[PDB]
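Listed next as structure tokens is one chain, alone, in the form deposited in one PDB entry.
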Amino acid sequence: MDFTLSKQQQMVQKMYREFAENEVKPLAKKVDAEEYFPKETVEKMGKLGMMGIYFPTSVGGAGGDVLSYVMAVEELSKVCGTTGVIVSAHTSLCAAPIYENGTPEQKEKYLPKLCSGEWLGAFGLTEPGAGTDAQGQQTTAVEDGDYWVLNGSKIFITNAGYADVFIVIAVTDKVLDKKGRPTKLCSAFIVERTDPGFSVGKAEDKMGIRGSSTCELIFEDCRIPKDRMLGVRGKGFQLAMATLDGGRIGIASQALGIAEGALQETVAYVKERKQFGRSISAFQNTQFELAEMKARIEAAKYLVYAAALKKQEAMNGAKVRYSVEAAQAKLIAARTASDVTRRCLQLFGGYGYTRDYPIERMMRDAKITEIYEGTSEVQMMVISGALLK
């Protein structure tokens, strides 16, 4: 086995890191405190080809590998969880389901505009009564002529207030199952922000990742063309779950990035600040706290990367499943973030409780990583299901 980076992967890593510290770090505190969507850094990332990394040049992407995309989300989230999830959402939850389930007409129209950055992407699959359910979703899609009519709502939509194209999961077929119970079949749809009967709600007031534009999607007789259906009919829910599988790797790297930047800022703090006449780093407890955290972070890092490479295999035709790898990565990375950021803030003393230092923002940003794109309990469901079979 090889656990070393390709000399190109080391080079793209150092590119993302420098862009993060030079152009995204100096904006990190304004974005969180003012709930400010970083419209400047999203056009900057687009001109760098960072909104298309792992997608090929034949569809407008940058021609990178999945692992480069993961390093980009991790390196961005070392300084800003809002910036990091914006790339992670647009990439794995809008651009990816179109690239993997799209016709050559759908790819040609949307994908070179998603990789470029003129169009931002979003996912709607969660509903209020049943985001965490497959039957409790009610947004419907009815045939009418050569168009589709959508009615319903979606909640907790990332990039909603600033996205151009949306992947929407609606119930189309009302079918009967083997056991005789009525089961609801969903289909996936490419919904544009310019569509009639479609509206994005007011940006949500969240604890962390506050710059992230989190709004509702409202469908009131939203009439869309017939070709906007992505994939097969009635298989839109399976599409939503395979899309979430890749989207869970992006959140696992975001949490890994939040925990990694927290350890940097904490290592930098304990070295300069003095207590009891010595540097904080001179006491045995500060040394054991940091050491154990660094090991847990490095263990989490290998899980994120193993999930990224397993997806890369499935992309290259090697027929393997990576839902378990993604599931383990999000479980351990998200719990590592909330665990590390709490204990790093503990080292700053009272000075970590004020906005002077960003650890209090990392601790807030890490709590969503345990929850969104599927909670850790949903990850444990996916993991144990494959284990107990």
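The first residue of the sequence shown is number 1, and the count goes up from there. Here, rigid core means the biggest group of C-alpha atoms that superpose within 1.5 Å across both forms.
J.: Name the higher of the two by mean Cα B-factor in the PDB entry, 350-358 versus 332-340.
T.: It is 350-358.
J.: Quick one: say whether 56-64 or 341-349 has the higher mean Cα B-factor in the deposited entry.
T.: It is 56-64 that shows the higher mean C-alpha B-factor.
J.: Taking the Cα B-factors listed in the entry, which of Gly84, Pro182, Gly124, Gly261 comes out highest?
T.: By C-alpha B-factor in the record, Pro182 ranks first.
J.: Looking at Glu289, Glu75, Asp177, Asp245, which one carries the largest C-alpha B-factor according to the PDB entry?
T.: Checking the PDB record, the top C-alpha B-factor among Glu289, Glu75, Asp177, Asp245 is at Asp177.
J.: C-alpha B factor of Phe189, ranked within the chain: lowest, middle or highest third?
T.: It belongs to the middle third of the chain when residues are ordered by C-alpha B-factor.
J.: In terms of the CA temperature factor given in the entry, to which third of its chain does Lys319 belong: lowest, middle or highest?
T.: Answer is highest: the recorded C-alpha B-factor places it there.
J.: For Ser279, return the chain-relative third of its C-alpha B-factor as stated in the PDB record: lowest, middle or highest.
T.: CA B-factor rank for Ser279: highest third.
J.: In terms of the CA temperature factor given in the entry, to which third of its chain does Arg364 belong: lowest, middle or highest?
T.: According to the entry, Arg364 has a C-alpha B-factor in the chain's lowest third.
J.: Where does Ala134 sit by CA temperature factor within its chain: lowest, middle or highest third?
T.: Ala134: CA B-factor falls in the highest third of its chain.
Separately, the form deposited in another entry exists; it is not shown, and the next lines address it.
J.: Quick one: core overlaid, is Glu18 moving 2 Å or more at the Cα between this form and the one not shown?
T.: Yes; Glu18 is a residue whose C-alpha shifts (by 2 Å or more) between this form and the one not shown when the cores are overlaid.
J.: What happens to the Cα distance from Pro26 to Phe19 in the other form: does it get closer or farther than here, with a change of 3 angstroms or more?
T.: Compared with the form shown here, the C-alpha atoms of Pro26 and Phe19 sit farther apart in the other form, by 3 Å or more.
J.: Knowing the Cα distance between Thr266 and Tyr16 changes 3 Å or more in the other form, does it shrink or grow relative to here?
T.: Result: farther.
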